[PDB]
Amino acid sequence: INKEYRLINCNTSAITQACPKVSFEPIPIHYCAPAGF
Amino acid sequence: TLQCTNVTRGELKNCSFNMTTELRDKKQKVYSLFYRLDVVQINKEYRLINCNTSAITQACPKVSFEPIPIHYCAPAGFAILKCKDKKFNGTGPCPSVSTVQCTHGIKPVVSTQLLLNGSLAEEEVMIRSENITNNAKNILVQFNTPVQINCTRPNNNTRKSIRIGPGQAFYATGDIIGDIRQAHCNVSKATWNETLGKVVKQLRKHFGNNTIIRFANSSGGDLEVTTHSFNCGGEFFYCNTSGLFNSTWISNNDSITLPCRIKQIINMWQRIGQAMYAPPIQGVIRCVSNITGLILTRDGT
Amino acid sequence: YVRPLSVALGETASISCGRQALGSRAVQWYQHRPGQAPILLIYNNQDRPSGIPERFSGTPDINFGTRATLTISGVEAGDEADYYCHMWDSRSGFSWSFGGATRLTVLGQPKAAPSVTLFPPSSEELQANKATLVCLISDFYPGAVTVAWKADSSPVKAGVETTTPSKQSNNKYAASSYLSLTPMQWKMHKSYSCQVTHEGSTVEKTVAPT
Amino acid sequence: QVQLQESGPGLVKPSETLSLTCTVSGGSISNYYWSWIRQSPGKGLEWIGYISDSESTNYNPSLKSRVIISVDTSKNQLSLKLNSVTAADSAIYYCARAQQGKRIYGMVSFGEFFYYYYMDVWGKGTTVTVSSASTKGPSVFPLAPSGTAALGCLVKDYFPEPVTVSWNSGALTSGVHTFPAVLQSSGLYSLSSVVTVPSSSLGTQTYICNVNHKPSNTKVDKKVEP
Ligand SMILES: *[C@@H]1O[C@H](CO)[C@@H](O[C@@H]2O[C@H](CO)[C@@H](O[C@@H]3O[C@H](CO[C@H]4O[C@H](CO[C@H]5O[C@H](CO)[C@@H](O)[C@H](O)[C@@H]5O[C@H]5O[C@H](CO)[C@@H](O)[C@H](O)[C@@H]5O)[C@@H](O)[C@H](O[C@H]5O[C@H](CO)[C@@H](O)[C@H](O)[C@@H]5O)[C@@H]4O)[C@@H](O)[C@H](O[C@H]4O[C@H](CO)[C@@H](O)[C@H](O)[C@@H]4O[C@H]4O[C@H](CO)[C@@H](O)[C@H](O)[C@@H]4O[C@H]4O[C@H](CO)[C@@H](O)[C@H](O)[C@@H]4O)[C@@H]3O)[C@H](O)[C@H]2NC(C)=O)[C@H](O)[C@H]1NC(C)=O
Ligand SMILES: *[C@@H]1O[C@H](CO)[C@@H](O[C@@H]2O[C@H](CO)[C@@H](O[C@@H]3O[C@H](CO[C@H]4O[C@H](CO)[C@@H](O)[C@H](O)[C@@H]4O)[C@@H](O)[C@H](O[C@H]4O[C@H](CO)[C@@H](O)[C@H](O)[C@@H]4O)[C@@H]3O)[C@H](O)[C@H]2NC(C)=O)[C@H](O)[C@H]1NC(C)=O
Ligand SMILES: *[C@@H]1O[C@H](CO)[C@@H](O[C@@H]2O[C@H](CO)[C@@H](O[C@@H]3O[C@H](CO[C@H]4O[C@H](CO)[C@@H](O)[C@H](O)[C@@H]4O)[C@@H](O)[C@H](O)[C@@H]3O)[C@H](O)[C@H]2NC(C)=O)[C@H](O)[C@H]1NC(C)=O
Ligand SMILES: *[C@@H]1O[C@H](CO)[C@@H](O[C@@H]2O[C@H](CO)[C@@H](O)[C@H](O)[C@H]2NC(C)=O)[C@H](O)[C@H]1NC(C)=O
Ligand SMILES: *[C@@H]1O[C@H](CO)[C@@H](O[C@@H]2O[C@H](CO)[C@@H](O)[C@H](O)[C@H]2NC(C)=O)[C@H](O)[C@H]1NC(C)=O
Ligand SMILES: *[C@@H]1O[C@H](CO)[C@@H](O[C@@H]2O[C@H](CO)[C@@H](O)[C@H](O)[C@H]2NC(C)=O)[C@H](O)[C@H]1NC(C)=O
Ligand SMILES: *[C@@H]1O[C@H](CO)[C@@H](O[C@@H]2O[C@H](CO)[C@@H](O)[C@H](O)[C@H]2NC(C)=O)[C@H](O)[C@H]1NC(C)=O
Ligand SMILES: *[C@@H]1O[C@H](CO)[C@@H](O)[C@H](O)[C@H]1NC(C)=O
Ligand SMILES: *[C@@H]1O[C@H](CO)[C@@H](O)[C@H](O)[C@H]1NC(C)=O
Ligand SMILES: *[C@@H]1O[C@H](CO)[C@@H](O)[C@H](O)[C@H]1NC(C)=O
Ligand SMILES: *[C@@H]1O[C@H](CO)[C@@H](O)[C@H](O)[C@H]1NC(C)=O
Ligand SMILES: *[C@@H]1O[C@H](CO)[C@@H](O)[C@H](O)[C@H]1NC(C)=O
Ligand SMILES: *[C@@H]1O[C@H](CO)[C@@H](O)[C@H](O)[C@H]1NC(C)=O
């Protein structure tokens, strides 16, 4: 702005803490086409 | 709590308040202009009108209030039946009928008293009602020739962003750049005279060739119904119409000008609980539109 | 107060108004030479009265934003005066005070040499037991001179009064200078001088009692 | 056309009523706006007040509590009565005709206009001094001359400003050059006029300077000759 600081996002965007039970692990995903495609 | 002073009659105010910044432990003494109709008393101490009734949500400044033609379509196995009868009133058996999959381009114009930008009537000017003998049923008169109305707010307003939180910016009315003037609307007094005549003609077919037909202004109610309420370039006008319905008709350049006020805290429909703040529109507002219909109400001569 | 401004002879002057308007404006311009009657140059933002040269021109407010400026093309030496901007506008109230005086000074005028004329004490005032020398200076530019009195060859500096250089009709300056003497101090001396130094040159005018 | 001329005491003691008048020539008094403006030394132009053609009073709030502008239509003459004068009230008082302009910017119907006044013709001016010191007449002493020659008149201690100098009651006008006064430390102004004169006419033509000091009601003349 001891020295006075501030989180980086405060002047641009609200901020949301990631729920600590969801995982960022890449899981193999398969894209499927509907019937008739 | 707002600290408001007049602006250098007494309609628009100049209000300074303590506001939250992007940091939760810091304030800021910002000022913003507000129309009279948006505040109430307790430097004089004021407050926004909605605070004691409803929360308030600022309209996103990228969505447009512009009526866009919408077409209603019926699903497969259903149909819509038009009515080609040029003189078809409200009910009855339509002689000429056609089937369509969707309706024509209907513009969802939210208006009051004067039906704007709508669809005209072919041949003669129609008049519709459930029971026209019932005074508690609005008469829906539809013109055949449009009478043009021109509206403008001439003040050169400016928009001012106020960061009230993380990612939260309230758009406030900064200041007026130049002359302070009245908002109003013009209609051609000649074209409005001949259109009231066309209306007064078909009004005799239901009430008598000898009885006299008189037009008066509203007799009471809220601002939305006592005035030609509508929206012009994004700002919600409320026009006095006493200059349009002040004629008495017997058995046998010109311009009318309407003093329109402006509001910002609007409840839109009749919901009490969901108010909307319309952000201020930069520049000079003027719009041109046709009054193609009317919504009258005979007194219970 | 006063705003200084300097243009050259025969150029164009751009006198900006002191207070800029908030709304539509109606600005009057006045020309006022000190110790004289004010002259109305422009009354409506651009309209001039009868008897004002075309080289004077004020800006009209066709579109808002353009500030009011008084334009003087081909500035003469006679255009040296105070210029007031009487600003009226729709937003501010009744404008009682005139503008801030802009004191225009024209540069590059012809440098003229003074004309010194020294008179001895008159016989009536000498007979009235009082002596007074009068040293009249006129037709000099730039209007700034220093006067130095001398008894024979010694400076005086005691009992002298000098006008500030006032401006003449011909756009040059003039100033008097009075040295008060006793009837015996003027008789007991051989000569009396009036050294008038203008710019970087002096002019001497001597007067003796005979 | 229309011209004005003021007239007044020229000297008024402190804490008193400063009367003044202004006679206009060549036009009716009750169909124009009239305005009073003073100009103190060092200060700017100060607008006193104005009276309409309907005889309506409106004064500068800087004064107001001391001003009362009147007007008599029997003549073409209107007055000005500043009271409780102090030292700062010394100024050249001017008399100017105001004309009304209506500046319309929006709708005349909603009143979107304002009124601006502009003064086009002015009075010559009237000097007014405030001082507890009494008036005092001058005393003209002749300055004798000696191709071209120069002669004049010395107007010694007088109070207050001004004095008017004429030569040959108005006949001698070419070559005249009156100088600004000089305020001595005694508190009195001393003025001097001088007329450049061709050298041959020194012994033939007669030269008399007419000096007048209005606050003392004194009209004096004198002769200049070697
Ligand atoms: C919806 O309906 C509404 C209502 O029906 C409608 O409202 C209308 O809105 C418009 C626009 O907003 C308004 O238009 C304005 O009109 C103003 C008034 O104009 C009238 O009056 C003036 C002055 O009249 C006096 O002087 C003239 C001589 O000049 C005399 O002849 C008059 O008789 C009169 O003098 C007597 O009366 C005085 C009292 O007023 C006394 O004091 C005086 O002693 C005398 O007794 C006239 O000049 C106008 O004439 C014009 O109109 C005729 C037809 O009537 C035309 O044919 C022609 O073009 C004439 O020019 C008119 O009669 C205008 O002043 C104003 O325009 C000025 O203001 C704007 C904004 O401030 C400026 O941007 C603009 O440029 C103009 O400024 C000029 O003028 C001023 C004043 O002189 C100058 O100071 C300024 O510097 C600038 O000068 C420049 O232009 C000059 C020419 O204009 C030029 O000469 C200069 O050299 C310089 O270049 C504006 O247009 C209108 O009033 C509303 N209607 C009503 C009834 O109120 C609305 O539009 C409708 N539509 C919507 C909302 O969409
Ligand atoms: C709604 O109400 C708000 C108040 O809540 C108004 O906002 C104020 O508006 C006034 C003008 O009306 C502003 O005052 C102006 O401030 C300018 C900024 O100068 C400041 O900073 C300098 C340092 O650079 C300091 O030296 C100075 O002292 C100030 O602190 C000044 O430049 C202006 O000066 C003008 O006026 C003075 C005296 O009148 C003259 O001598 C000058 O020559 C000059 O003409 C003036 O003082 C004020 O700053 C505004 N406040 C804020 C917080 O912005 C809105 O204007 C008002 N809006 C409407 C539409 O009514
Ligand atoms: C009734 O219908 C009228 C026409 O169908 C409506 O008028 C429309 O009003 C809106 C807003 O009031 C205008 O949109 C604005 O446009 C201007 C600039 O437009 C100009 O420039 C574009 C260039 O892209 C050009 O194509 C146009 O023709 C204009 O020359 C913008 O600055 C604004 O931000 C805004 O987008 C429409 O332009 C205008 N249409 C017409 C034909 O005038 C009227 O509002 C309707 N009435 C009601 C009560 O709803
Ligand atoms: C804005 O101006 C209006 C008009 O002058 C003011 O209204 C006055 O309000 C007081 C109450 O304080 C009343 O006693 C007066 O009778 C009102 N006058 C009129 C003509 O209605 C208003 O107070 C002003 N507002 C501010 C904040 O200054
Ligand atoms: C307001 O006026 C008329 C409606 O009667 C419209 O202008 C006409 O529009 C039709 C069809 O769009 C055209 O065939 C005509 O040529 C138009 N006439 C003129 C003179 O241009 C106008 O678009 C209407 N505006 C609305 C409904 O917003
Ligand atoms: C309304 O006001 C705005 C400014 O508040 C004006 O915008 C200016 O327009 C000119 C061009 O005419 C530009 O040079 C400026 O840079 C603009 N200013 C800003 C801040 O953007 C606008 O012209 C005004 N319009 C009217 C009709 O009065
Ligand atoms: C409403 O506004 C429209 C356009 O802004 C006006 O139509 C103009 O009328 C004049 C005079 O007849 C014509 O010279 C223009 O060509 C017209 N404009 C267009 C785009 O055609 C109309 O007169 C106004 N009507 C009212 C009642 O204010
Ligand atoms: C946010 O703050 C940073 C400080 O690092 C600054 O550089 C940036 O301009 C700011 N951005 C916005 C959108 O306010
Ligand atoms: C903001 O808070 C301070 C705190 O004392 C107060 O003095 C001031 O009046 C407040 N400002 C407004 C506009 O209410
Ligand atoms: C809200 O405040 C207004 C003040 O204008 C008052 O008249 C009204 O009764 C209040 N309404 C409610 C629901 O509290
Ligand atoms: C519509 O017309 C039919 C037949 O012409 C008639 O019976 C009916 O009453 C009319 N509607 C109204 C509201 O008058
Ligand atoms: C209707 O007109 C009357 C008289 O003309 C007036 O007193 C009343 O306020 C008007 N009502 C509206 C809503 O304009
Ligand atoms: C509408 O205008 C009339 C006169 O034009 C006025 O008497 C009336 O009060 C206005 N309506 C309202 C709600 O003020």
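Definitions and cut-offs
Residues numbered from 1 in each chain as written, not as in the entry; some residues may be left out. Chains lettered and ligands numbered in written order. Part of a larger assembly, values for the part shown. Heavy atoms only, no water. Helix = DSSP H or I, 4+ residues; strand = E, 2+ residues; numbered from the N terminus. Areas by Shrake-Rupley, 256 points an atom, 1.4 Å probe, with all protein chains shown as cover. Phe/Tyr/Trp six-rings, centres within 6.5 Å; stacked < 30°, edge-to-face > 60°. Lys NZ or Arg CZ within 6 Å of the ring centre and 35° of its normal. Contact = heavy atoms within 4.5 Å. Buried area = accessible area lost by both parts, 1.4 Å probe. Salt bridge = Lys/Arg side-chain N within 4 Å of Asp/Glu carboxyl O. Polar contact = N/O pair within 3.5 Å; in protein donor to acceptor, adjacent residues only side chain to side chain. Patch = residues over 30% accessible without salt bridge, like charges linked within 9 Å, V, L, I, M, F, W, Y side chains within 5 Å. Buried < 20%, exposed > 50% of the residue type's maximum accessible area, 1.4 Å probe, protein only. 1 Å grid on protein atoms, 1.4 Å probe; cavity = no way out; pocket = protein on both sides within 12 Å on 5 of 7 lines; lining within 4 Å. Points joined across faces, edges and corners; volume = space filled by probe spheres on them. Nonpolar A, V, L, I, M, F, W, Y, C, P; charged D, E, K, R; others polar.

(A) The arrangement of the overall build of chain B in detail. When you go through chain B residue by residue, the secondary structure sums to two helices and 22 strands. Oriented by its inertia axes, the alpha-carbon framework of chain B measures out at about 70 × 55 × 35 Å. In the structure as shown, chain B presents an accessible area of about 17500 Å², 49% of it carried by carbon and sulfur atoms.

(B) Examining the packing of aromatic side chains more closely. Throughout the structure, instances matching the rule amount to 30 aromatic pairs over all chains. Ring geometry for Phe65(B) versus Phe236(B): centroids 5.5 Å apart, planes at 45°, classification tilted. Highlighted residues: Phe65(B) in the loop between β6 (55–58) and β7 (80–81) and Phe236(B) in strand β17 (residues 235–239), separated in sequence by 171 residues. Through a chain of ring-to-ring contacts, the aromatic side chains of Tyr30(C), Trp88(C), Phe94(C), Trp96(C), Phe98(C), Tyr33(D), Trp47(D), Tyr50(D), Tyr94(D), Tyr117(D) and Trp122(D) assemble into a single cluster. Taking the ring centre of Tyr31(B) as reference, the NZ or CZ of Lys160(B) above it sits at 3.6 Å. Between the NZ or CZ atom of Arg97(D) and the centre of the ring of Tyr32(D), over which it lies, the distance is 4.5 Å.

(C) Seen up close, the arrangement of the chains. Where the four pairs of chains in contact are concerned, the greatest contact count is recorded for chains C and D. Considering only C-alpha positions, the minimal separation of the non-contacting chain A and chain C is 34 Å. Looking at chain A next to chain D, you find no contact at all, with the nearest C-alpha pair sitting 42 Å apart.

(D) The arrangement of the interface of chain C and chain D in detail. Residue-level contacts link 44 residues of chain C with 48 residues of chain D. Note on chain C versus chain D: buried area summed over both sides is about 3600 Å², and carbon and sulfur give 70% of it. The three residues of chain C that bury the most area against chain D are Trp96(C), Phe98(C) and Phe119(C), which together make up 20% of that side's buried surface. Run the count over chain C and chain D and you get two salt bridges. Applying the counting criterion to the chain C and chain D interface returns eight residue pairs in polar contact.

(E) Spatial organisation of a nonpolar patch on the surface. A cluster of nonpolar side chains, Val110(B), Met268(B) and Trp269(B), forms an exposed patch at the surface whose accessible area comes to about 300 Å². The exposed category is assigned to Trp269(B), whose relative accessible area is 52%.

(F) Quick peek at empty space enclosed by the protein. If you add up the space inside the largest cavity, you get close to 70 Å³. Surrounding the largest cavity, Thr132(C), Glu161(C), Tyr178(C), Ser180(C), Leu154(D), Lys156(D), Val182(D), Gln184(D) and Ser190(D) form its lining. When residues of the lining of the largest cavity are traced back to their parent elements, those giving at least two are β16 (177–181) of chain C together with β13 (148–158) of chain D. Among the residues making up the lining of the largest cavity, the classes are represented as three nonpolar, four polar and two charged.

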